[PDB]
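J.: task: produce atomic coordinates for the following.
(11 chains)
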Amino acid sequence: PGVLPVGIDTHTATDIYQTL
Amino acid sequence: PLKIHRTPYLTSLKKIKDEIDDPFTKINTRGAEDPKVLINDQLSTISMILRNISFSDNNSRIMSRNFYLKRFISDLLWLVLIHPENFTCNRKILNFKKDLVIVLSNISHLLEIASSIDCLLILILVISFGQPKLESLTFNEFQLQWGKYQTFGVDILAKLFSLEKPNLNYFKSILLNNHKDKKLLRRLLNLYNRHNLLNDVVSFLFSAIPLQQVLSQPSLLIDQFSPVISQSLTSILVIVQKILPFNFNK
Amino acid sequence: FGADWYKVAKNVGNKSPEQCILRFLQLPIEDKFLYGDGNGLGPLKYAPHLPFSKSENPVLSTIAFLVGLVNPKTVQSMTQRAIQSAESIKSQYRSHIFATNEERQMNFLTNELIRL
Amino acid sequence: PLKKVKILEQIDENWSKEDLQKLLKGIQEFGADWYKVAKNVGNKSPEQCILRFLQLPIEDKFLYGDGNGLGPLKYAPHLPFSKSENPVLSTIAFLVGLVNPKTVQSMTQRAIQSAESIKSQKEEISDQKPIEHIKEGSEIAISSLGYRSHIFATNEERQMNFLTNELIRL
Amino acid sequence: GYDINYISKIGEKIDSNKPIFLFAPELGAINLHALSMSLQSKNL
Amino acid sequence: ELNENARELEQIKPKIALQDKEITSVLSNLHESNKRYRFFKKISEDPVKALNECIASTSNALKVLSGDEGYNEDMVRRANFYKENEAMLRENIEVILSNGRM
Amino acid sequence: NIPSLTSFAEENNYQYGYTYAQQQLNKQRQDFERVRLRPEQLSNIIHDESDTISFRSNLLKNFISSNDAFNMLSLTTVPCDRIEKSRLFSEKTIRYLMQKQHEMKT
Amino acid sequence: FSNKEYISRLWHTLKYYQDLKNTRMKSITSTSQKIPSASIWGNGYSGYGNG
Amino acid sequence: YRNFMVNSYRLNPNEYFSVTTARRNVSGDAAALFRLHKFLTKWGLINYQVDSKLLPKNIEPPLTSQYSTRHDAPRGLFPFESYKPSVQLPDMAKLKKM
Amino acid sequence: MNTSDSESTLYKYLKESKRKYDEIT
Amino acid sequence: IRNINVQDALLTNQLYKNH
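T.: Numbering: from 1, shown residues only, chains lettered A, B, ... in the order given. This is the structure:
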């Protein structure tokens, strides 16, 4: 998992879109 | 017509199970998202209604005429066999054949076949149930641990052969051989790959008589399959006695 | 008057209530606060159903965010160039699977025994 | 106007001519094992060697410094002003760290191929926008994913041939 | 990111109890003339 | 001789059944490997269109399994949806208004 | 019973309006064609394989089968030079084709 | 928007439709006892022409 | 003819507007007027409320009623959503910046 | 969220964040 | 659906007998 990259969390990407 | 879509029963089942078990499937794209699937889900409701209505004693003789119903049957049977490219799913194409044969099983004792093209498409629809091989008998025997849907066809052919006028004259002129369908019938007959139709119908009617199954193991199987055996033997006797007697070459 | 369309069309005058309801539906009120004009919004286009994880599938979420920016033609060109370069390295009938002379003779032996 | 020279010398942030020479030696000699390439350079990570081989920056904020071509990437959360995690760049480095770097040099003209071809490539990648580096790196990452998918497809075809031979013997 | 076996196990019950259309006992007096005239209405 | 051949048939039959078990178990693996071969080839042919059909048929695969339904929320939120669907709205507004539900 | 073909005619049967022999034949007609054409109100309503197919179970199985096969693709950090190829024959198919090729000269 | 909220949403949706089906069954058993109750759907026609 | 028949029915809807009064009041053959009257009464529009009856009383169960709708109800349809505000302090800084 | 407020969560949190970054670097 | 009864075959034989 450390050699794997990190990912963009979509569940918070939607929330700061509707809230914006 | 470009290609008579003679797909068998089992290959249709495998195509359905390979379309459902697909990752990028569109079998549940809904109704309001596409108008073509809306037309197809109206037509499937029409066919389910028409196969549900025909299980009454009065409806079976009222539906027998109704020039409108005979034209709709001769209209859908063209589209499901010659140009099925407009139907979206591949389960709807099987389900139209699976209730057209049911609605023609209850009607056909009083049906007078209108046109010869309809009388050919009836034969191709009934032939399309069952498994062929890879001359001889071109139909491997259908073992009835799968489904009794081919037993409905051997009653359509048993009841539609009982009239010496349109029912048997059209069948005679199809099996042995008003101004544009002369060109359509002569296009459909040589698109079906002489006398392949006759030996295909007789070999399919020799299927659904389970000789191997009732002779392998003794009274239960014949007591269960006496009507399909009786009507298949009646149809083969009609074809032998009243069609076969010269343009043959085999 | 809130949503009583007969009184609304009465206040407007010279127009049926259906035209009032239709023009109230077709007003572009919130379109200048949304993101796009009509590239793409990406996975945010599928708003209430997001089957992606930061912890389980971290590559797929970043790829979902990244596929909107790129052009597909250059991507297809680069992956086909990679495939043809791998074939040019590996070369230095189904001979791609059956590369050895042993397995081709084994397959021919299989066909021979089938026919016999 | 200074973002251009900022990305131009942020690609070449702390890589001298000798680190580049040891990097290219480890790249041309060793195949698809970036750990020994990083040990050949010594004082860098395999991910940093991959991103310098692709001529990419790090820290993920010199790319898309604002937040309009980046659609949803503006709406991504982060750790602000500290604790720099780079999901885009580590995703790109992880996808390119699997696909045999000589055929990656065959894949794009942008990647470093020799010690005599650093200056001309560095000149020809100049005067580009920070979105262009994101676009090219994501193109290389998705193409490497497609190449890996092709290799997995051929291995599954080999598996189906094995199952066919098992069926025939049965 | 979800445990979709449990999600589908609950969503089957949700689809079963969802009000899609009328059932057989709650149709009321089915009038065949009304159906036959609504089919010729060329509405949707 | 008939009973001898019958005993030989009943001896030879379970070895045939144990082979048919493995025939079906290899056929199922062949279909499973065919699915993964198709999934790995359609990606490798076009990795941007297959990587848009893999996402759009995953969230839609979650919407049906959850039980939710309806339109896409981000499609019907704009104003050009109600300008390209100008035909059905003039029907439905008159139907709802004339029945008295608007 | 097995009434007639004349009993199926439209003259001897009712129509949308707006004797004794007819009312005797229509007893046998409705007593014959309601024990023949009545549907089966019991089991064996499956009829085939492609009617009891479940869209939800197949959709769940495809959701699992796409997810794990995509985790097989990306997250497996084995390089392309290190992916070892599988055998095109088994340990039993390689014995049977040594046996039959030995017995092929008969 | 996580898993533990997305299943708690589905529990606060199934329990609605179970009470809705209880209402649907009670409004069927009411009319089967010759008591004219309203249903989930509206009352269909009136005495005008259709029954 | 059609506007005459429809206007003449709607003056007193409790009366069956017969064919014979329509034949006696407009000049034309009886066959076409009979066919038009039967087509018109086929589609409602005339003689639809000759013998009208009263629906007695509705003992309404809960959730089957006017104004029987709650904010707590699930929006199966009605595709517009109400979304949870995410109050996280780095996301607060991101919202302040954006 | 008011940056002009000296007692909000935003002012203290952002000052501590930038102070922590400049502290470690 | 309806499996094929004996009455179908009897009706078929009657149709062939009365013609």
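J.: regarding chain C, what is its longest helix?
T.: helix C:72-91 (DSSP state H).
J.: list the buried residues for the next helix-or-strand element following that helix?
T.: Next in sequence after helix C:72-91, counting helices and strands by DSSP states H and E, comes helix C:101-115. By 16 or more other CB atoms under 10 Å in any protein chain shown, the buried positions in helix C:101-115 come out as C:103, C:106-107, C:110, C:113. In this view, the C-beta of every residue, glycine as well, is placed from N, C-alpha and C.
J.: now do stretch F:33-52
T.: F:33-44, F:46-48, F:50-52.
J.: in stretch G:21-41, which residues are buried?
T.: Of the residues in stretch G:21-41, G:25-26, G:29, G:32-33, G:36-37 count as buried by neighbour count, 16+ other CB under 10 Å.
J.: from those, which is closest to residue G:103?
T.: Nearest to residue G:103 among these: residue G:36, at 61.0 Å, using CB to CB.
J.: for that closest one, give me its contacts.
T.: K:5, K:7-8, K:11 (CB atoms under 8 Å, 6 or more residues apart in numbering or on different chains).
J.: if we go to 10 Å?
T.: Neighbour list for residue G:36: B:55, B:57, B:60, B:106, G:1, K:2, K:4-8, K:10-11 [criterion: CB atoms under 10 Å, 6 or more residues apart in numbering or on different chains].
J.: and chain J, which residues reach chain D?
T.: Contact residues, chain J versus chain D (CB under 10 Å from any CB of the partner chain): J:13-14, J:16-25.
J.: kindly tell me how buried the residue in chain E that chain H sits nearest to is, as a neighbour count.
T.: Per CB to the nearest CB, residue E:17 is where chain E lies closest to chain H, at 3.8 Å. Residues near residue E:17, counting by other CB atoms under 10 Å in any protein chain shown, number 19.
J.: residue B:101 now?
T.: 22.
J.: that one belongs to a helix?
T.: Yes - applying DSSP: H, G, I helix; E, B strand; the rest coil, one finds residue B:101 inside a helix.
J.: neighbours of the closest residue to it other than its chain neighbours, just the number please.
T.: Closest residue to residue B:101 in three dimensions, ignoring its sequence neighbours and counting by CB to CB, 6 or more residues apart in numbering or on different chains: residue B:152, at 4.8 Å. Using other CB under 10 Å, residue B:152 is surrounded by 24 other residues.
J.: in a markdown table: the buried residues of helix C:101-115, plus distance to residue C:91.
T.: As requested, those are exported to a markdown table (distance: CB to CB, whole Å):
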| residue | distance to residue C:91 |
| --- | --- |
| C:103 | 17 |
| C:106 | 22 |
| C:107 | 20 |
| C:110 | 25 |
| C:113 | 31 |
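J.: do a quick rundown of the strands in chain H.
T.: Applying DSSP state E to chain H gives no strands.
J.: which residues does whichever residue of chain J sits closest to chain K contact?
T.: Proximity of chain J to chain K (CB to the nearest CB) peaks at residue J:1, 66.4 Å away. Residue J:1 makes contact with I:87, I:89, I:92-93, I:95-96, J:8-10 under the criterion CB under 10 Å, 6+ apart.
J.: buried set for the longest helix along chain B?
T.: Taking DSSP H as the criterion, chain B has its longest helix at helix B:220-242. For helix B:220-242, the neighbour count (16+ other CB under 10 Å) marks B:225, B:227-232, B:234-236, B:238-239 as buried.
J.: try stretch I:91-98
T.: I:91-95.
J.: just give the number of residues close to the residue in chain K that chain F sits nearest to.
T.: Closest residue of chain K to chain F, CB to the nearest CB: residue K:1 (28.3 Å). For residue K:1, the neighbour count with other CB under 10 Å is 17.
J.: that one falls within a helix, correct?
T.: No - secondary structure of residue K:1 (three-state DSSP): coil, not part of a helix.
J.: can you tell me how far it is from residue G:52?
T.: Note on residue K:1: its distance to residue G:52, by CB to CB, to the nearest Å, is 13 Å.
J.: who touches both of the two?
T.: Joint contacts of residue K:1 and residue G:52 (CB under 10 Å, 6+ apart) are G:45-46.
J.: one step back: wait, the residue of chain K closest to chain F sits on residue B:152?
T.: Yes - using CB atoms under 10 Å, residue K:1 makes contact with residue B:152 at a distance of 9.3 Å.
J.: give me the common contacts of the two.
T.: Common contact partners of residue K:1 and residue B:152 (CB under 10 Å, 6+ apart): B:98, B:102.
J.: how many neighbours does whichever residue of chain C sits closest to chain K have?
T.: Minimum separation of chain C from chain K (CB to the nearest CB) falls at residue C:49, amounting to 37.8 Å. By the criterion of other CB under 10 Å, residue C:49 has 19 neighbours.
J.: what does the one 3 residues further on give?
T.: Burial of residue C:52, expressed as a neighbour count using other CB under 10 Å, amounts to 25.
J.: dump the residue contacts of whichever residue of chain A sits closest to chain K.
T.: Here chain A gets closest to chain K at one residue, residue A:10, 47.6 Å apart by CB to the nearest CB. Residue A:10 sits next to C:42-44, C:46, C:50-54, C:61, C:64-65, D:72, D:75-76, E:1, H:1 when contact means CB under 10 Å, 6+ apart.
J.: for residue C:11, which non-adjacent residue is spatially closest?
T.: In space, residue C:11 is closest to residue C:1, 7.4 Å off (CB to CB, 6+ apart).
J.: and for residue H:46?
T.: Distances taken as CB to CB, 6+ apart place residue I:55 nearest to residue H:46, at 6.2 Å, with adjacent residues excluded.
J.: just give me the neighbour total for the one you found.
T.: For residue I:55, using other CB under 10 Å, the count is 11.
J.: may I see the buried residues of stretch F:86-102?
T.: F:89, F:93-94, F:97, F:102.
J.: does any bit of that stretch sit next to chain I?
T.: No - on the criterion CB under 10 Å from any CB, stretch F:86-102 is out of touch with chain I, staying 10.8 Å away.
J.: run through who's touching that stretch.
T.: If you take CB under 10 Å, 6+ apart as the criterion, stretch F:86-102 is touched by B:32, C:3-6, C:16-22, C:25-26, E:43-44, F:81-83, F:85, H:42.
J.: and chain H, is the helix or strand containing residue G:71 touching that?
T.: Applying DSSP H and E as the criterion places residue G:71 in helix G:55-73. No - Helix G:55-73 stays clear of chain H (CB under 10 Å from any CB), getting no nearer than 14.6 Å.
J.: for residue 19, which non-adjacent residue is closest in space?
T.: No chain was given, so I picked chain A. With CB to CB, 6+ apart as the criterion, residue A:19 has its nearest non-adjacent residue at 5.3 Å, and that residue is residue I:85.
J.: the intended chain is chain K.
T.: residue B:162 (6.4 Å).
J.: now residue B:229
T.: What sits nearest to residue B:229 in space, not counting adjacent residues and going by CB to CB, 6+ apart, is residue B:209, at 5.5 Å.
J.: so that neighbour, which of the three states?
T.: Following three-state DSSP, the label given to residue B:209 is coil.
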